[PDB]
There are 2 protein chains.
Amino acid sequence: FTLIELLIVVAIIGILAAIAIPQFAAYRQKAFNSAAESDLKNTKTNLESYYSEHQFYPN
Amino acid sequence: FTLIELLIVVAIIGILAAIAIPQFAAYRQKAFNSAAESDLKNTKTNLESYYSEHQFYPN
């Protein structure tokens with residue numbers, strides 16, 4: 001209710017809004033690379049599964 | 001009730017009415033800038049929220 005208090009509130013809000021958030025692009029790239037890894041491993045397993053019914057890999 | 005007293009009253013009124021009030025343009029500009037800051041932060045949060053339902057930012 002005092003013009004000093006509101007100015008201090010504005011200053012503290014400006015201080016708090018400048019917090020450095022963590023990097024997110026690399027964080028998501030981690031998940032993307034893990035997805036690629038899992039896909040490759042599952043593809044290897046599926047290919048070796050196919051090599052059981054017949055005696056040759058695809059093509 | 002004396003012409004001297006009324007003149008002194010006028011002098012004191014003139015003295016008191018000349019008080020330098022604080023600057024207000026900058027005071028309001030502080031709130032405007034804080035509003036801009038909060039809007040930007042909320043926009044960042046909303047964009048990262050959108051990036052959850054789908055896998056791309058708007059446009």
# chains A, B, ... in the order shown; residues from 1 in each chain; ligands from 1
>>> interface_residues(of="chain A", to="chain B", cutoff="8 Å", atoms="only C-alpha atoms", output="PyMOL selection string")
chain A and resi 7+10+13-14+17
>>> write_last_selection(atoms="N, CA and C atoms", output="compact mmCIF listing (two decimals), in the first residue's frame")
# COMPACT_ATOMS: atom_id res chain seq x y z
N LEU A 7 7.46 -0.79 -5.70
CA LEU A 7 8.69 -0.73 -6.47
C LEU A 7 9.63 -1.87 -6.10
N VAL A 10 8.35 -4.95 -7.77
CA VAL A 10 8.73 -4.99 -9.18
C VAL A 10 10.18 -5.41 -9.33
N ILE A 13 10.45 -9.15 -8.67
CA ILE A 13 9.89 -9.90 -9.79
C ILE A 13 10.87 -9.93 -10.95
N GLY A 14 11.48 -8.78 -11.26
CA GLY A 14 12.49 -8.75 -12.31
C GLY A 14 13.69 -9.63 -11.99
N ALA A 17 12.47 -13.39 -12.46
CA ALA A 17 12.13 -13.81 -13.81
C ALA A 17 13.35 -14.02 -14.70
>>> residues_around(residues="residue 51 of chain B", least_positions_apart="6", cutoff="12 Å", atoms="only C-alpha atoms", output="PyMOL selection string")
(chain A and resi 24-25+28) or (chain B and resi 44-45+57-59)
>>> write_last_selection(atoms="C-alpha atoms", output="CSV table (one decimal), in the first residue's frame")
chain,number,residue,atom,x,y,z
A,24,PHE,CA,16.4,-28.3,-23.2
A,25,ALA,CA,17.5,-29.0,-26.8
A,28,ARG,CA,15.5,-33.8,-25.9
B,44,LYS,CA,7.8,-19.6,-23.3
B,45,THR,CA,6.0,-21.9,-20.9
B,57,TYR,CA,6.6,-25.8,-32.3
B,58,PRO,CA,3.8,-23.7,-33.9
B,59,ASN,CA,4.1,-23.1,-37.7
>>> atom_distance(atom1="atom CA of residue 46 of chain B", atom2="atom CA of residue 15 of chain A")
21.2 Å
>>> atom_distance(atom1="atom CA of residue 6 of chain B", atom2="atom CA of residue 18 of chain B")
18.7 Å
>>> select_by_dssp(residues="segment 5-52 of chain A", states="helix (DSSP H, G or I)", output="ChimeraX atom specification")
/A:5-16,25-52
>>> write_last_selection(atoms="N, CA and C atoms", output="compact mmCIF listing (two decimals), in the first residue's frame")
# COMPACT_ATOMS: atom_id res chain seq x y z
N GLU A 5 6.98 -0.08 -1.45
CA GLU A 5 6.81 -1.53 -1.43
C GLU A 5 6.54 -2.08 -2.82
N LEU A 6 5.71 -1.38 -3.60
CA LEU A 6 5.39 -1.85 -4.95
C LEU A 6 6.62 -1.82 -5.85
N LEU A 7 7.46 -0.79 -5.70
CA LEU A 7 8.69 -0.73 -6.47
C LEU A 7 9.63 -1.87 -6.10
N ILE A 8 9.72 -2.18 -4.80
CA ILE A 8 10.55 -3.31 -4.39
C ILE A 8 9.98 -4.62 -4.94
N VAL A 9 8.65 -4.73 -4.98
CA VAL A 9 8.02 -5.91 -5.56
C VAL A 9 8.39 -6.05 -7.03
N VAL A 10 8.35 -4.95 -7.77
CA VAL A 10 8.73 -4.99 -9.18
C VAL A 10 10.18 -5.41 -9.33
N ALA A 11 11.06 -4.88 -8.48
CA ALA A 11 12.47 -5.26 -8.55
C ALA A 11 12.66 -6.75 -8.28
N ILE A 12 11.97 -7.28 -7.28
CA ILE A 12 12.13 -8.70 -6.95
C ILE A 12 11.56 -9.58 -8.06
N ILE A 13 10.45 -9.15 -8.67
CA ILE A 13 9.89 -9.90 -9.79
C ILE A 13 10.87 -9.93 -10.95
N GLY A 14 11.48 -8.78 -11.26
CA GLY A 14 12.49 -8.75 -12.31
C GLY A 14 13.69 -9.63 -11.99
N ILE A 15 14.07 -9.69 -10.71
CA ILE A 15 15.17 -10.55 -10.30
C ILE A 15 14.81 -12.02 -10.50
N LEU A 16 13.60 -12.40 -10.11
CA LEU A 16 13.21 -13.81 -10.16
C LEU A 16 12.92 -14.28 -11.58
N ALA A 25 17.30 -28.36 -25.47
CA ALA A 25 17.55 -28.98 -26.77
C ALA A 25 18.37 -30.25 -26.62
N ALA A 26 19.47 -30.18 -25.87
CA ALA A 26 20.28 -31.37 -25.63
C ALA A 26 19.50 -32.42 -24.84
N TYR A 27 18.65 -31.98 -23.91
CA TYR A 27 17.88 -32.92 -23.11
C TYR A 27 16.96 -33.75 -24.00
N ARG A 28 16.31 -33.11 -24.96
CA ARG A 28 15.46 -33.85 -25.90
C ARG A 28 16.28 -34.67 -26.89
N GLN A 29 17.45 -34.17 -27.29
CA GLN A 29 18.31 -34.92 -28.19
C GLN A 29 18.77 -36.23 -27.55
N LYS A 30 18.93 -36.23 -26.22
CA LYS A 30 19.24 -37.47 -25.52
C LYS A 30 18.16 -38.52 -25.77
N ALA A 31 16.90 -38.14 -25.59
CA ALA A 31 15.80 -39.08 -25.81
C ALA A 31 15.74 -39.52 -27.27
N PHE A 32 15.98 -38.60 -28.20
CA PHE A 32 15.97 -38.97 -29.61
C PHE A 32 17.05 -40.01 -29.92
N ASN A 33 18.26 -39.80 -29.40
CA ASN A 33 19.34 -40.76 -29.63
C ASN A 33 19.03 -42.11 -28.99
N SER A 34 18.44 -42.10 -27.79
CA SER A 34 18.06 -43.35 -27.15
C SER A 34 17.02 -44.10 -27.98
N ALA A 35 16.07 -43.36 -28.56
CA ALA A 35 15.08 -43.98 -29.44
C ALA A 35 15.75 -44.62 -30.65
N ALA A 36 16.72 -43.92 -31.24
CA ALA A 36 17.45 -44.49 -32.38
C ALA A 36 18.17 -45.77 -31.97
N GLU A 37 18.80 -45.76 -30.80
CA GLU A 37 19.52 -46.94 -30.31
C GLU A 37 18.58 -48.13 -30.14
N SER A 38 17.45 -47.91 -29.47
CA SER A 38 16.50 -48.99 -29.25
C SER A 38 15.95 -49.52 -30.56
N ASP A 39 15.67 -48.62 -31.51
CA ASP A 39 15.18 -49.06 -32.81
C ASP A 39 16.20 -49.94 -33.52
N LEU A 40 17.48 -49.56 -33.47
CA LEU A 40 18.50 -50.39 -34.11
C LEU A 40 18.59 -51.77 -33.46
N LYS A 41 18.56 -51.81 -32.13
CA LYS A 41 18.65 -53.11 -31.45
C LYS A 41 17.46 -54.00 -31.79
N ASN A 42 16.26 -53.42 -31.80
CA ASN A 42 15.07 -54.20 -32.14
C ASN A 42 15.12 -54.66 -33.60
N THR A 43 15.67 -53.84 -34.49
CA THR A 43 15.81 -54.26 -35.88
C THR A 43 16.75 -55.45 -36.00
N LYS A 44 17.86 -55.43 -35.26
CA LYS A 44 18.76 -56.58 -35.27
C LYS A 44 18.05 -57.83 -34.78
N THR A 45 17.28 -57.71 -33.70
CA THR A 45 16.57 -58.87 -33.18
C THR A 45 15.55 -59.40 -34.19
N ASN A 46 14.82 -58.50 -34.85
CA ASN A 46 13.84 -58.93 -35.85
C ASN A 46 14.50 -59.61 -37.03
N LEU A 47 15.64 -59.09 -37.49
CA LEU A 47 16.34 -59.72 -38.60
C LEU A 47 16.80 -61.12 -38.24
N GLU A 48 17.35 -61.29 -37.03
CA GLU A 48 17.76 -62.63 -36.63
C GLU A 48 16.56 -63.54 -36.42
N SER A 49 15.40 -62.98 -36.07
CA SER A 49 14.18 -63.77 -36.02
C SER A 49 13.80 -64.28 -37.40
N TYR A 50 13.85 -63.40 -38.40
CA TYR A 50 13.53 -63.81 -39.77
C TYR A 50 14.49 -64.90 -40.23
N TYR A 51 15.76 -64.78 -39.86
CA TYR A 51 16.74 -65.79 -40.26
C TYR A 51 16.45 -67.17 -39.68
N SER A 52 15.37 -67.35 -38.93
CA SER A 52 15.04 -68.66 -38.37
C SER A 52 14.03 -69.42 -39.23
>>> decode(residues="chain B", atoms="C-alpha atoms", output="short mmCIF file (atom, residue, chain, number, x, y, z; two decimals), in the first residue's frame")
data_model
loop_
_atom_site.label_atom_id
_atom_site.label_comp_id
_atom_site.auth_asym_id
_atom_site.auth_seq_id
_atom_site.Cartn_x
_atom_site.Cartn_y
_atom_site.Cartn_z
CA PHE B 1 -9.00 37.35 12.41
CA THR B 2 -5.98 39.59 11.85
CA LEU B 3 -4.73 40.66 8.43
CA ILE B 4 -1.23 39.57 9.44
CA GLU B 5 -2.34 36.02 10.26
CA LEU B 6 -4.14 35.54 6.94
CA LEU B 7 -1.07 36.73 5.01
CA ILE B 8 1.10 34.28 6.95
CA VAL B 9 -1.44 31.56 6.13
CA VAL B 10 -1.18 32.40 2.43
CA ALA B 11 2.62 32.28 2.64
CA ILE B 12 2.59 28.88 4.36
CA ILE B 13 0.09 27.52 1.82
CA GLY B 14 2.35 28.68 -1.00
CA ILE B 15 5.31 27.04 0.73
CA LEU B 16 3.50 23.72 1.18
CA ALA B 17 2.02 23.57 -2.32
CA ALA B 18 5.49 23.69 -3.93
CA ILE B 19 6.60 20.31 -2.56
CA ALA B 20 8.41 18.22 -5.17
CA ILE B 21 6.28 15.12 -5.79
CA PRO B 22 8.18 11.97 -6.87
CA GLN B 23 8.68 11.12 -10.52
CA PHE B 24 5.80 8.93 -11.74
CA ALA B 25 6.52 8.22 -15.41
CA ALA B 26 9.46 5.96 -14.53
CA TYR B 27 7.42 4.40 -11.72
CA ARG B 28 4.74 3.31 -14.19
CA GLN B 29 7.35 2.26 -16.76
CA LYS B 30 8.67 -0.17 -14.15
CA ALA B 31 5.29 -1.90 -14.00
CA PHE B 32 5.03 -1.90 -17.80
CA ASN B 33 8.43 -3.58 -18.16
CA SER B 34 7.54 -6.13 -15.48
CA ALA B 35 4.35 -6.93 -17.40
CA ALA B 36 6.39 -7.45 -20.57
CA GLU B 37 8.78 -9.76 -18.69
CA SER B 38 5.98 -11.88 -17.24
CA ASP B 39 4.26 -12.11 -20.63
CA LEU B 40 7.47 -13.36 -22.26
CA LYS B 41 8.02 -15.98 -19.56
CA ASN B 42 4.44 -17.22 -19.82
CA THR B 43 4.75 -17.37 -23.61
CA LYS B 44 7.84 -19.56 -23.28
CA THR B 45 5.98 -21.87 -20.90
CA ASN B 46 2.97 -22.10 -23.23
CA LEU B 47 5.18 -22.89 -26.24
CA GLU B 48 6.92 -25.68 -24.36
CA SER B 49 3.48 -26.94 -23.32
CA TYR B 50 2.41 -27.11 -26.97
CA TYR B 51 5.62 -28.99 -27.77
CA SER B 52 4.26 -31.86 -25.63
CA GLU B 53 1.02 -32.79 -27.42
CA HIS B 54 2.79 -32.69 -30.80
CA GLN B 55 6.47 -32.85 -31.74
CA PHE B 56 6.91 -29.41 -33.31
CA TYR B 57 6.58 -25.78 -32.30
CA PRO B 58 3.80 -23.70 -33.91
CA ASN B 59 4.14 -23.14 -37.66
#
